[PDB]
Structure formats: C-alpha cells, structure tokens
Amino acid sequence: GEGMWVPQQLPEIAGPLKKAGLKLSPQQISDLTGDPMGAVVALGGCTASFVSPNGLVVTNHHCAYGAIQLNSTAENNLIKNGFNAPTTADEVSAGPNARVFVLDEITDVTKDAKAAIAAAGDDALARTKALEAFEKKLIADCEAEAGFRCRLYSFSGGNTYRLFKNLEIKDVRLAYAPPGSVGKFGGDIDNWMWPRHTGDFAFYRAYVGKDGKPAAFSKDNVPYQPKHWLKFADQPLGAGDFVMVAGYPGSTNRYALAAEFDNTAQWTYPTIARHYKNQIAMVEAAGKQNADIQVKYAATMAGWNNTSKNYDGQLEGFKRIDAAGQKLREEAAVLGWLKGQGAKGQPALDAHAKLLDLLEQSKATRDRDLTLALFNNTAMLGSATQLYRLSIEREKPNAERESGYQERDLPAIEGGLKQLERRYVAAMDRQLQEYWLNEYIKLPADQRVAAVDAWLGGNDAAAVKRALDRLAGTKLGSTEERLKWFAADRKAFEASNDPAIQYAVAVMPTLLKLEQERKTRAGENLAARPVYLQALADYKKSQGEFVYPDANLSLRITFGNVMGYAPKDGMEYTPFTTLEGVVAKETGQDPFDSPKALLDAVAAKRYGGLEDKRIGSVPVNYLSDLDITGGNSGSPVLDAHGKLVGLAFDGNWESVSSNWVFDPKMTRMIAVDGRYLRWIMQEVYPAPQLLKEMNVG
C-alpha cells in the first residue's frame, strides 16, 4: 500500500507489516545494519544489494547500463551481447564514477540545523549560506574517518534533518549482464508498461584495498566482504504473498501547492518532453548512419526516452484522475481548514502566501532558466563551464567552495571528464549545440541573457552558424585536454583562445549571479516551506490519511502484497507474466529479439527446476502494491522471511502520476522475479559460477 516510510516510522508500521504478512520481527527490520537491511546498498540514483559473502552486488540492467555502455564498442557491444566473467579476475571496471554506498549511521541533527538557519535571522541569502556552512562542517567532521562519505537530508520541507554516513566503495566492477534483448526486452515500447517481460538484472562486485579500506580501481584491490548479504527465497512467491522493498527513492511531490502542480502539468513536463523527443530524433537519425555515435549516445538516449515517456504518462494519468481538480479541492479544503482555527493557524496561512509568490518568481524566468541550463549541459560547454568554475572555487579556502567543487568532489569531477570520452562525438554534439541555440534565439527579448547575446552576435541562422563554426575549434574534445584544464588555474582559463573556454569565461559572471538569485529564492523558501508543509501533514492526519515525507534520496521501506490491477471494467492484469509470454512477443527485430537459447528453452518447456505450479511456468515479472519511484530501480524485493524474491525495476503506465497524486487502485511496482534471474543464468546465458556463489547451483 501507500507509503515510503522512513526507518524511524517502523513503530507506526509494525502492526500493518504483520497484518500484511511479515514473519520477521519489526525489531529485526529496524536494524539498518543488520540482517537483511544491512545488505541493501545505494548506487547513487539506483539501489542494489549484496548477495554473497564475496562482494557480489545485484541490481537492474538499466542501472548497470552506464557501465556496460562505457565498456562497449561498436565492435564489441556488451549492450547487445551481454557480459560474463568466468573468474573474478575477468570482471571489468564499471567506471571511475561508479560507487557502492553501505549504510553506517543515521543521526538526527534537526535541532542544530534549524538553529544555524535561525541564527542568520531575516536575510534570505544569508539563511541559505548558513545552512550551507552548517552542512559543510557536519560532513567534514563525519568524513574525517577515511573511507566514508556523508550526506545531509532535509525531510518534510525542512521539519527534520538527518545526517547519513556511508562506507564509500569506489572500486566497482561488472561481473555479469545478460544480453540487451533480455535486460531490456521490449525496449522503449514496453517501458512503463504491463504486461512486462523484461529480465532487468545485472551483477557488480565491490572491491577495496588489502587494508580493507575503500580505494579507487587498482589490480591489487580485492573483493569486499560484506557483513550481511541476501539469500534467494526457498519458498515460491505467489499471488497475495507479502513483499517489501527497501531502497532510495529520489523525489516525490505529494506535498505541493496546487500552483506547483499546474506549472508542472501545463509547462514543465510538456516542455521537457518536447525537447527530449527532438534530441532523440536527431540522435536516432545520426546513429542509424554511424554505429560509433549509436553506441556512444545510447545511455543518453535511454534517459531521454525514459523521462519523456514518464512525463507523457504523468500527463495522461492527471487527466484520468483529474489531478488538476483534486489539487484545487484539497487546497481549498486545506485553506478553509486553516483560518478555520484563527490564531493558531495564521503562521501556516502566511507561508502559503509567501510560497505561492516565490513560485510566480521562478515562473517569470523559467524558459530562460531551462534553456540556458540545457544549452550549458551540451558536452563541450558543460565541460568548460564546470572546469572554469572549479578554477574559481579552488582560489577559496575549501570550506567556502561551492558544493560540487570542494576537495571531496574532485574524484567525481575528474571521473566525469574521462567517462565523457565514451559519450561524446563532435559531429553529434554540434547538432545539439545547434538545437539549443535555435531554441535560445526563439526566446523573447525580456527572457534573454545579455552575455550570451553578445557572445553570439545577433539573432539569426547566420550567427548560429558562426557560433557553431567557432566552437568547433575547441580542443576540449579529447580526454587529455579536459584533464589539463582540470588542473589549470584561473588565469590560464582567462588567457585561453580555446572558444569553448572563452564561452565559459564570457558567461560565468551571469551564472554566478543567477546562482545567487537561486540561493536567495531558496532561502525565503527555507522559512515558509516547513511551516506550511507541517500543516499539510497535520490536516492529513486529521483526515486519517497516511503521513510520510516525500522522497529525498534517503532510505525508505515500502510493503504490501503481490497483486495485479484493473485498468478498465471487464478486465484485469494478472500478477505474473510467464516464459510463454516472452516468446509470444517475439518478432526477430529489436526490441523483441530474444536470444535463440531462450526461444528454444521455452518451446521445450525447459523450466530448470524453477516452474511455479500455480502459474504452470517460470515467472518472469510481477506486480505488487508497493510504493516506489525513480531511485528504487535495483532495490531487492523481500518476502515474509526476508528472502530475495525479485528486483524492483519499473512502474505500470497508470502509476506514474502518483508522484503528485497517489492512486492506490492503479499504482503498482513491476519487479523481475528472482526465479527468472536464475532461469536466465541457468538456461540462456549461463553463469554457473555466480549461481554456486549464491548457493543456488
């Protein structure tokens, strides 16, 4: 059912957990470094879990896609072929930026954080800087132990703060990926849909130095030895059975002003989707010519497709449940309620009014803000602006450097400049730069940026053509030039005749100014958010409704049962799909081109000891009424005894609008059954070594 519960709400959910079928004690689930919860890891935007005493980590194929794509060429395509390491020495690096975060400690720091905020009094910008400074000091102290990375999280609009401390494993290697026609069966056509037949799984292995402490990749590193790992279930999962997920959902917007919704529905989602589709169309074309561009842009393409379809789905789901309406009506009913109680409910009503006006302000510049951000996110301009900004920050004491540009951020900065090599083709980026300049000029005169106007020299196809011709002369295209500038000082940047670096030096004053304009808006928000959101919460409780914070990349638990859903009268989707369903979709053409070995194993009913009698086949994917969102991919699904029964990977089509308005009847998780993982590793793309390592072969 509904809810992305913090581990500190376990007393609240203990009884519901039992009634749904948990046979572990609430005590045991509360131990976030115990069995099974201490096996669950964050990847940074995906979840994963340990599944052996030797550092084997299982997650989704689409979570590993980055790493597979980084190790792929046109002439050895791991995306297409799969990857299997018969020995641990065979495992390839997942990339310098790849991480496994293992939870160490959570501490409430709420009292301190709102002190530091308040201690700045009544200046918006000062309030932001004070929280920044408080956070930086906390983290610096927590990370004083070598091998840990820490994070500060704000919950429920700033009514609670907690500090998380993680062991940061920095040497992650790929151990196994099934072929792309298994890992991503049905491609973007089946994405966000049920029935689903997708084998969305892949394995990493986590490594540290011989001292047992985190290190960056080296051939002298050895497998991490986790305290806790998950075991595969020994009881077959069926319809109605208890399941739970723990993992790291990224963001939801269930506490929001109605106007935040209208802006998103009417403007944000349609605009981003259109841009994303236009870039897809350009890259698609050029990659059909050019396998190098096709392989190099595949991860980018996957992201664009996935977010744009998600937003198409949210727009449709708003109309289906009249989200605009529901928002309006709970807002009216909450404003009603507040004046309602006069004296006590005036602080909250004030808040509503500030928040509301803050939103109109970001509204005034939203097209500028988006366009400029995405223009600067193309490869060479992104590289130049980041690298120049770093040279500026490096001049300050580390404690005053912008988050993202402190010493602790250098590994990821350097790592990103190297990874870019496998994701950049200059003919392709030129077309994206073009696309975004064409969209910049389109902007109205009041919505423009002075410094970009000047840099460009006029509002036409001619100037665009000149810009593009000039930028083409950058040397930032090679990893080696990027890494030179990573190390260069600010004067060296301002001296450069590189045209990409000239662009950055040109616009940075504006970007720092706009960043201040953002930090100031955030500061006013930091006053008004928590009071109003605390009132939304209080109302919800007065209505008997479930109360939990919007997602924020921190660890959450969701639970429920295996069950399908009914999209229309006269029909129902069943909780499982089956092997036969995979082969029924076969067309021999991407994305419905399963391996021959699958096709033959199924035609022969070779179920490998994995059939579930109740469905007369091996289960492939299943639905359940858990409450997950982006960031939950790869999260392990556990059964009533805490055994692994699948991996979360997607949502059904009608679920996605639940980011704003939760609909219990149509919100389902889509998970890959652990028996399908097993079946693939036995009969299709075999990995007898990993199975034996997991005590299932």
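Start at 1 and count along the sequence shown; that's the residue number.
Undergrad: Where do the C-alpha atoms have the higher mean temperature factor in this entry, in 588-596 or in 560-568?
TA: It is 588-596.
Undergrad: For the C-alpha atoms alone, is the average B factor greater in 77-85 or in 334-342, going by the entry?
TA: Per the PDB entry, the higher value belongs to 334-342.
Undergrad: Highest CA temperature factor in the entry: which of 183, 347, 250, 187?
TA: Of 183, 347, 250, 187, 347 has the highest C-alpha B-factor.
Undergrad: Just grab whichever of 197, 368, 151, 484 has the top CA B-factor as deposited.
TA: When the deposited C-alpha B-factors of 197, 368, 151, 484 are compared, 368 is largest.
Undergrad: Relative to the other modelled residues in the chain, which third contains the C-alpha temperature factor of residue 658: lowest, middle or highest?
TA: Lowest third - that is where residue 658 ends up once the chain's C-alpha B-factors are sorted.
Undergrad: According to the PDB entry, is the CA B factor of residue 359 in the bottom, middle or top third of its chain, that is, lowest, middle or highest?
TA: Highest third - that is where residue 359 ends up once the chain's C-alpha B-factors are sorted.
Undergrad: Going by what the PDB entry lists, where does residue 218 fall on CA B-factor within its chain: lowest, middle or highest third?
TA: For residue 218, whose C-alpha B-factor we compare with every modelled residue in the chain, the answer is the highest third.
Undergrad: What third of its chain, lowest, middle or highest, does the C-alpha temperature factor of residue 230 fall into?
TA: Answer is lowest: the recorded C-alpha B-factor places it there.
Undergrad: Ranked by Cα temperature factor within the chain, is residue 49 in the lowest third, the middle third or the highest third?
TA: Tercile = lowest for this residue's CA B-factor.
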